[PDB]
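Note sheet for the following structure.
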Amino acid sequence: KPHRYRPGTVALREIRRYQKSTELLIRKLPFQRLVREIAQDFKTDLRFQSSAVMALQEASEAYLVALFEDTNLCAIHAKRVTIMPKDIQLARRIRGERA
Amino acid sequence: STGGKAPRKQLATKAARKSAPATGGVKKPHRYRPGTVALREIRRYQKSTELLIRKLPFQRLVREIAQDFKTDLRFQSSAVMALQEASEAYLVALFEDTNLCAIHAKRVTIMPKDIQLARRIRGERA
Amino acid sequence: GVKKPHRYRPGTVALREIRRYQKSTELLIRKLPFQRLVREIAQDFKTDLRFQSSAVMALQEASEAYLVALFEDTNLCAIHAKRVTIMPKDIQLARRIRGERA
Amino acid sequence: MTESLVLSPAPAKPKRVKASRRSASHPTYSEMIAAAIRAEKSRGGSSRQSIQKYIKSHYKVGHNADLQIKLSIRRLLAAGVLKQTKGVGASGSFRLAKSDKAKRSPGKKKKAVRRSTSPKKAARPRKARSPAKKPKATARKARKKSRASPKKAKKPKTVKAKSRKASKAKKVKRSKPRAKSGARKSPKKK
Amino acid sequence: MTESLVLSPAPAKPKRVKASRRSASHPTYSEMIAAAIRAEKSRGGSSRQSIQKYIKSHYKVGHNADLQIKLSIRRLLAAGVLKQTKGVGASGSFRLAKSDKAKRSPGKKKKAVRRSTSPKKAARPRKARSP
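In the order they appear, the protein sequences are chains i, u, g, Aq and As.
The entry's author numbering applies: residue 3187 is where the first sequence begins, and numbers increase by one.
The entry's author numbering applies: residue 3080 is where the second sequence begins, and numbers increase by one.
The entry's author numbering applies: residue 2171 is where the third sequence begins, and numbers increase by one.
The entry's author numbering applies: residue 0 is where the fourth sequence begins, and numbers increase by one.
The entry's author numbering applies: residue 0 is where the fifth sequence begins, and numbers increase by one.
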């Protein structure tokens, strides 16, 4: 029988690893393709630099994790551990991102 | 009208359901409930165009804070009024977000739990 | 399944406590917790203050005896009210007649 | 919870349980206090001696019941089933919580006019030879509602009409003529 | 109105055995649930169905009485003469002013015993074979 861990506890030890991190958690190649594709929707035949692509990722990574911490404070207000679409929409409205 | 010298069993024909707080039978359940009257105010206040806090006490509030910052300061009527309108809408804008925070926790009234969450997300606190 | 203790009635051990504490010459407040308290009180008005252990003992002894004498003074107010409890009503009255509030 | 209090004096208490047979109505140990409470027939309630007497028909003289009553009162207070009245007029009168709801005090007029008419009904025929008849001076409507003559008169008509049994209606002219016959005996004429 | 006009059926429906010197029903809404709470065998009080069974009799006011029952229960709460017990499967635990909720250690509460099926369950084997 596997040792196993209680659900939700492995997140606590994952937090102590991911907060203490200096990297981007989204793979660079899918993000590079994603940026080029959405850029083509507004302007075709565009070239990109590796540093410039990383700059978009670094801003996006900080934007999402800051939202999650803001969304986390919305989860406790709802008296539950799990954050949900209701949490994100409320966080976006207060943050001014819903307009 | 069973009497018994006990209120809510006493006589309410001497009293009245139509706004007669004299002790008697149980009043009519609506009783111009706080939800109904509050809807009257929000309809009126979201339609009207007026300042909704007292002017001179707000000016006195600014004077109190100004005196500590500067021993002698000269104010203008427009400047105090300009500060008030931004200050009035500040709590108006916050209450819109505060009300939305209440609905998130299956709640209808705003509580100090809401204000700490709304301000921190905006970046005002912490 | 431990045997049920021979519990004393409430207030019975207070007589036993009095016997030890009336004979006690020690300090009821600990050293380090009181040392931090006096340092911050001085720091609240004037910063960069040093301290001595002998001075700390002097601060503790005077404050403890000031409160100890107050409790006996406060007790005389309780009997006047036909009670043995000590309340802020007793404490505020005990100070006021002696002073310290004006 | 020492041995000299849990085994040395115990045998008396479990030996005498649920055996108040002489008072056949509700002989249960927990129900004796309550039976006294309904039997007291007072607004203030039953004091210590009153409740002791009302419980005492037999099977109860108080070798340890004097303190067992206090212990049971503490148990009933922990259960929250006791309502009482203070003051020196009633020396610790106690009642069981019989839904006699508590409410605000003010509004106590110094008369009870509604029940003031009952003593006159008791007195007048009893002062006459014709004894106090059945409660027919005022019907059940008297404590159904509290209204004047038209509303206290229309309702008895409905009371009699809704009961459509002719056999039942026959009794109102066979039980009432007894009063007519006794009006010959109690006053000498008319 | 709520005591002189709305309850026009109140003189009409319990007209018969709401007053009787031999035995009478409990007046108005003062003490209807009282005897129901006291003469009770359930460990968790009433459940808004035992209330209907207890109050229901040969006659009752019965006109929109579901409203008055809830209103009376809530008002008795607000006064402080009704106390309840928490639960989920108990379908509510309606009890009297008995202050049994203030101070008590949690150890579950399960009392349920009655010898009604037991006599029949004992008569079944003999009936199946030799009375």
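From the three backbone atoms N, C-alpha and C, an ideal C-beta is built for every residue, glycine too.
Pair within 8 Å by beta-carbon distance, residue i and residue j
i                       : j                       : result
residue 2241 of chain g : residue 2226 of chain g : no
residue 46 of chain As  : residue 89 of chain As  : yes
residue 3167 of chain u : residue 3131 of chain u : yes
residue 84 of chain As  : residue 44 of chain As  : yes
residue 82 of chain As  : residue 71 of chain As  : no
residue 3081 of chain u : residue 143 of chain Aq : yes
residue 3215 of chain i : residue 3222 of chain i : no
residue 140 of chain Aq : residue 10 of chain As  : yes
residue 96 of chain As  : residue 35 of chain Aq  : no
Paired residues, beta bridge with residue i - DSSP
i                       : result
residue 3099 of chain u : u:3095
residue 195 of chain Aq : Missing from the structure shown is residue 195 of chain Aq; chain Aq here goes from 0 to 189 and no further.
residue 3189 of chain i : For residue 3189 of chain i, which the question treats as bridged, DSSP gives no partner whatsoever.
residue 45 of chain Aq  : Aq:93
residue 57 of chain Aq  : Aq:55
Collapsed DSSP secondary structure at residue i in the structure displayed
i                       : result
residue 94 of chain As  : strand
residue 62 of chain As  : coil
residue 3195 of chain u : helix
residue 17 of chain As  : coil
residue 3146 of chain u : helix
residue 75 of chain Aq  : helix
residue 3155 of chain u : coil
residue 3263 of chain i : helix
residue 81 of chain Aq  : strand
residue 2238 of chain g : helix
residue 5 of chain Aq   : helix
residue 182 of chain Aq : helix
residue 3176 of chain u : helix
residue 3124 of chain u : helix
residue 3089 of chain u : coil
residue 2231 of chain g : helix
residue 218 of chain As : Any property of residue 218 of chain As remains undetermined from this structure, which presents chain As solely from 0 to 130.
residue 3221 of chain i : helix
Backbone CA spacing between residue i and residue j [nearest angstrom]
i                       : j                       : result
residue 6 of chain Aq   : residue 62 of chain Aq  : 18 Å
residue 2263 of chain g : residue 2178 of chain g : 33 Å
residue 3194 of chain u : residue 3201 of chain i : 27 Å
residue 3260 of chain i : residue 3169 of chain u : 22 Å
residue 3154 of chain u : residue 3133 of chain u : 17 Å
residue 3280 of chain i : residue 74 of chain Aq  : 56 Å
residue 128 of chain Aq : residue 121 of chain Aq : 12 Å
residue 147 of chain Aq : residue 53 of chain Aq  : 40 Å
residue 2174 of chain g : residue 3083 of chain u : 53 Å
residue 2223 of chain g : residue 2213 of chain g : 17 Å
residue 3129 of chain u : residue 3202 of chain u : 30 Å
residue 163 of chain Aq : residue 93 of chain As  : 40 Å
residue 66 of chain As  : residue 23 of chain As  : 24 Å
residue 32 of chain As  : residue 50 of chain As  : 7 Å
residue 187 of chain Aq : residue 180 of chain Aq : 11 Å
residue 3162 of chain u : residue 3140 of chain u : 11 Å
residue 2273 of chain g : residue 2257 of chain g : Any question about residue 2273 of chain g goes unanswered here, given that chain g covers just 2171 to 2272.
residue 176 of chain Aq : residue 16 of chain As  : 26 Å
residue 2265 of chain g : residue 2259 of chain g : 10 Å
residue 112 of chain As : residue 3184 of chain u : 43 Å
residue 77 of chain As  : residue 21 of chain Aq  : 43 Å
residue 2171 of chain g : residue 4 of chain Aq   : 18 Å
residue 106 of chain Aq : residue 3100 of chain u : 15 Å
residue 3262 of chain i : residue 3186 of chain u : 14 Å
residue 8 of chain As   : residue 153 of chain Aq : 14 Å
residue 184 of chain Aq : residue 149 of chain Aq : 34 Å
residue 173 of chain Aq : residue 68 of chain As  : 43 Å
residue 3096 of chain u : residue 110 of chain Aq : 28 Å
> If we count Cβ pairs, one from each stretch, closer than 8 Å, do we get three or more for the region 36-44 of chain As versus the region 3102-3117 of chain u?
Replying inline: no
> For the region 86-106 of chain As against the region 116-128 of chain As, are there 3 or more C-beta pairs whose distance is under 8 Å?
Replying inline: no
>> For the pair the region 61-77 of chain As and the region 125-143 of chain Aq, tell me if three or more CB-CB distances fall below 8 Å.
In response: no
>> Check whether the region 21-29 of chain As and the region 154-167 of chain Aq are in contact - that is, three or more C-beta pairs closer than 8 Å.
In response: no
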